[PDB]
Amino acid sequence: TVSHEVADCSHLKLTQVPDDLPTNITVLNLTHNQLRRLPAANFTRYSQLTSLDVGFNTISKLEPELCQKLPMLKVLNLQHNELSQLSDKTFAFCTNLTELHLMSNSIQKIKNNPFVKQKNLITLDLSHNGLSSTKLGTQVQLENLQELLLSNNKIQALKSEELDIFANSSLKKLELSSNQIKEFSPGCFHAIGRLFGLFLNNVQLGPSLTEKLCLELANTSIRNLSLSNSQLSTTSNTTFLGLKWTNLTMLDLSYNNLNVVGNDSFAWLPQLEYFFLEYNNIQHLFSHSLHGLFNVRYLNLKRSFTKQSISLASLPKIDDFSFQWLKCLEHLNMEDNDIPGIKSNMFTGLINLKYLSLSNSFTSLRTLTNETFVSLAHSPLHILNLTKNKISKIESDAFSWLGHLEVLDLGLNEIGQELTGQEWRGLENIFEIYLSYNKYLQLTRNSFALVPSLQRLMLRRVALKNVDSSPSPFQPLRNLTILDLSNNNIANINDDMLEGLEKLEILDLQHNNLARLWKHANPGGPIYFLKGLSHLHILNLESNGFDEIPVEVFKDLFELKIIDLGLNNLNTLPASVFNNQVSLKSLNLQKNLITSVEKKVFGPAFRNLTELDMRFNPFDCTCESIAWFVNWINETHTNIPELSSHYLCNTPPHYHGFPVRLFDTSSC
Amino acid sequence: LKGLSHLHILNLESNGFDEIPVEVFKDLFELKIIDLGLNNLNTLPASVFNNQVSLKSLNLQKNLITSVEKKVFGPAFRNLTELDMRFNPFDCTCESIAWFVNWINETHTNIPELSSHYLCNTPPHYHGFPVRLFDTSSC
Ligand SMILES: *[C@@H]1O[C@H](CO)[C@@H](O[C@@H]2O[C@H](CO)[C@@H](O)[C@H](O)[C@H]2NC(C)=O)[C@H](O)[C@H]1NC(C)=O
Ligand SMILES: *[C@@H]1O[C@H](CO)[C@@H](O[C@@H]2O[C@H](CO)[C@@H](O)[C@H](O)[C@H]2NC(C)=O)[C@H](O)[C@H]1NC(C)=O
Ligand SMILES: *[C@@H]1O[C@H](CO)[C@@H](O)[C@H](O)[C@H]1NC(C)=O
Ligand SMILES: *[C@@H]1O[C@H](CO)[C@@H](O)[C@H](O)[C@H]1NC(C)=O
Ligand SMILES: *[C@@H]1O[C@H](CO)[C@@H](O)[C@H](O)[C@H]1NC(C)=O
Ligand SMILES: *[C@@H]1O[C@H](CO)[C@@H](O)[C@H](O)[C@H]1NC(C)=O
Ligand SMILES: *[C@@H]1O[C@H](CO)[C@@H](O)[C@H](O)[C@H]1NC(C)=O
Ligand SMILES: *[C@@H]1O[C@H](CO)[C@@H](O)[C@H](O)[C@H]1NC(C)=O
Ligand SMILES: *[C@@H]1O[C@H](CO)[C@@H](O)[C@H](O)[C@H]1NC(C)=O
């Protein structure tokens, strides 16, 4: 039971409260134990506890005197117990409680007044009980209560009198989810002084009972309303009529299997700002279906439409100008849908749209022509996501309508083509382009000549072709900072591929075939493609088949901090190859063929490191191979994980399998 | 491989083997050709080729073998015609290849590309040097 300021006793098999703890302990966690009871005498020593989490135990009942020994108790958690009965004296002395959690206690009913005495209580949780009513008292108490959780009970109706005890309470959260409520008596929500949030998830209401509830919620202070999985199959223009008399800001209608939304179904919500409609079954979206929602800023439509059906091929249909009402919309999410395509006025009217996600939103979007995004011309779009749409071809001026765009994600598609460079015309403010995991991309001289402001370019797993053009395709990218070219099986690179890219910081080249370029027998000499990269910080050259490293390939990389060279075939390294790496913090050389670690090579590299990774190597445990290295290991602050297990000698056979760190250098 | 008394040719090349159980070849008395190249073999148990009294061709190229010792290769190297252990990281030390280099010095078995592809790997003093040029006068 480790404890310095908070005491935790989780899964300690404790049957009684330990009596050997610091006196000044304020938090005592006793969850998942076998505490049968909580006698006050065992808590006499602890007179300064603030939070006592005793849930998930076998407490059947408590005593009022327990709160006498804890005058400063604030949070009391009795989750998952069997306190089926409560008394008016049970919580009388606990006058400073803020949170009282009584979930899953098999409480059947509340008799007279178990919560009258406490006045500073903020949240009361009574979920997963057997309660059949909201009756918690007779007089008016719980003045400062803000959250009332009553989920997963047996409550079947709401009555005004049952809630009358909350006349002076401003309920910020009223959770009634998973209770089969079938009747909302008039004035039931007007009993609460101020109700700000109501949750009715997993409560089978239906359109008619929804209309009754909305009429019952009128002229209240409600701001958040959640009706997820409420069996709301259809909506009409009279469904939320009562909500005309409130200032609702958030509405949740997800998982309702909603099929048809009538025109002006939400015209009663002029102040709505957050709308959630994910995971529904909408067949057709009409022009006036979203009419009257001009204050909405966030709309979620993920998985909101009917899926592909092989019986009738009834793809969901979105009428044109169906979003023209959303003048203040800024964030639109439409992922995981089966929309056939993008029409000429799909997004017309969205004059404040800044984020649009269309990841996996379409079934047949193969070609991105110059008319695809014309409806987004007047939107100030900054981020566009188009992943997983099986896009195959991008034509010229495809994104010419997006002049303010900064992030464009086109990965996880089937784009196989040659980048002529005309696809990026009009992208005057672009910063990031993601193209990883496509069919094949072939570069040319002017592939990126039209986007000089680019800063991040990801080209992983695209089977890059012609990256070795005599004028480098990356030459115009003077502001480029992150470049990813991994897993492309690239074999040939010219020495001026990265010339002029003084701002480059991250370069990923792992899982290519660049081994031949660094061999001294390569015709014309080794290729020095890392020159001039003064600001480079992260270099990844893992799994390229390298056998040898030219001595002067890292000479210009003064600010380099992380270099990864594992999974290569490196055995012998030239001396003074890491001389200029004066700021190196992480070196990775695992799963190579390295046998000796010597000062003339690794001296400057091992100067001030944080992490070292040279695990699966055939170390030759000899006084001229690892003596300096093992002495360095003996005294060093660099973190070397799995040092005692995966750093094993290979030769001589006397040392085969022995740990490198246990090599004895006393006779060197 | 048990019970195969009349087996003559065995090919186990490129199976990813790391270790060989000591008693896998015990019943193969008439075995003449065994191919174990392109595996990941480094350490072999002693007396693993004891019963191969008629072995004529042994192939162990492109493995991870570092030491060739009498307790393993003694009976195997008795009367051979061909030996193939070319691309291996030989540890040129007096306890790793001294018996092997002495055996190479006087033997009638044909060892092609002995002077070029049998190169030391460790210690770094010997890295790249031919195995056959190892000096055992100070062993
Ligand atoms: C007391 O400790 C328990 C166990 O660590 C906390 O209960 C849950 O523990 C699981 C497993 O670590 C977490 O996944 C949950 O998130 C924890 N519950 C919550 C609500 O976060 C318990 O919360 C701790 N109690 C206090 C007062 O810190
Ligand atoms: C575009 O949307 C996709 C899908 O929602 C995002 O992909 C997720 O990215 C996060 C963070 O990288 C990962 O943890 C998830 O696993 C990804 N999901 C899938 C299905 O791959 C992607 O990040 C978005 N792109 C941008 C630029 O926001
Ligand atoms: C608390 O409720 C009582 C009874 O309705 C009322 O008289 C009193 O003014 C309320 N307190 C406040 C601060 O409104
Ligand atoms: C809300 O109050 C207004 C103004 O008093 C009233 O006209 C309307 O009928 C009320 N709504 C309901 C559902 O009673
Ligand atoms: C209302 O909903 C929004 C969005 O889900 C949330 O951020 C906010 O906290 C909610 N209001 C209250 C009072 O909890
Ligand atoms: C709802 O729409 C119908 C169909 O046009 C219309 O007759 C009715 O008046 C509308 N309801 C309200 C409350 O306006
Ligand atoms: C109203 O809805 C019906 C069917 O839901 C649709 O045919 C009609 O066009 C809609 N009204 C307008 C003005 O679009
Ligand atoms: C799109 O390209 C076609 C073919 O070049 C051209 O005829 C058409 O005018 C272009 N569209 C726009 C809006 O420029
Ligand atoms: C590159 O960044 C610098 C500094 O922010 C800026 O002056 C320059 O305009 C940028 N280049 C382009 C083409 O946006």
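Every number in this text was worked out from the coordinates using simple rules, so none of it is lab data. Note that each Cβ is placed from the backbone with ideal geometry, even for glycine, and that neighbours are counted across all protein chains shown.
In region A:281-299, is there at least one residue being among the polar types (S, T, N, Q) and without any contact (Cβ under 8 Å) to a residue 12 or more places away in the chain?
Checked region A:281-299: no residue is among the polar types (S, T, N, Q) and without any contact (Cβ under 8 Å) to a residue 12 or more places away in the chain.
Within region A:647-666, is even one residue among the small types (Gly, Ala, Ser) and in contact (Cβ under 8 Å) with a residue 12 or more places away in the chain?
no
Looking at A:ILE222, A:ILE181 in this structure, which one is in a loop (DSSP other than H, G, I, E, B) and away from ligand 4 (no atom under 16 Å from the Cβ)?
Just a single option satisfies the conditions, and that option is A:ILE181.
With respect to A:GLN108, determine if the residue is in contact with a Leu (Cβ under 8 Å, 6 or more places away or on another chain), surrounded by fewer than 18 Cβ atoms within 10 Å (Cβ to Cβ) and in a loop (DSSP other than H, G, I, E, B).
yes
Report whether or not A:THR210 is touching a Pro at 6+ places or on another chain (Cβ under 8 Å), polar (S, T, N, Q) and either within 16 Å of ligand 6 (Cβ to nearest atom) or not in a loop (DSSP other than H, G, I, E, B) (or both).
Criteria not met by A:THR210.
Please report, ordered by residue number, the strands (runs of 3 or more DSSP E) entirely within region A:261-380 with at least 3 residues that are closer than 29 Å to A:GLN231 by Cα and either of a type in the set (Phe, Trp, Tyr) or more than 16 Å from ligand 2 (Cβ to nearest atom) (or both).
A:274-276
Would you mind stating whether A:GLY657 is assigned to a loop (DSSP other than H, G, I, E, B), touching a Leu at 6+ places or on another chain (Cβ under 8 Å) and more than 12 Å from chain B (Cβ to nearest Cβ)?
When the stated conditions are applied, A:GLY657 does not pass them.
B:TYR118 is checked against (1) within 11 Å of another protein chain (Cβ to nearest Cβ); (2) in contact with a strand residue (DSSP E or B) (Cβ under 9 Å, 6 or more places away or on another chain); (3) of a type in the set (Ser, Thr, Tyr) and fails just one. What number does that condition carry?
Exception for B:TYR118: condition (1).
Return yes or no: is A:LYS302 charged (D, E, K, R), more than 14 Å from every other protein chain (Cβ to nearest Cβ), away from ligand 8 (no atom under 16 Å from the Cβ) and touching a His at 6+ places or on another chain (Cβ under 8 Å)?
Against the criterion (charged (D, E, K, R), more than 14 Å from every other protein chain (Cβ to nearest Cβ), away from ligand 8 (no atom under 16 Å from the Cβ) and touching a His at 6+ places or on another chain (Cβ under 8 Å)), A:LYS302 does not qualify.
Which of the residues spanning region A:137-172 are within 16 Å of ligand 1 (Cβ to nearest atom) and over 23 Å from A:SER208 (Cα atoms)?
Selection gives A:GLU147, A:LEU149.
Considering A:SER314, A:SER361, which residue is of a type in the set (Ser, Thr, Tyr) and either under 15 Å from A:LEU384 (Cβ atoms) or in contact with a helix residue (DSSP H, G or I) (Cβ under 8 Å, 6 or more places away or on another chain) (or both)?
None of the others qualify; the one that does is A:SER361.
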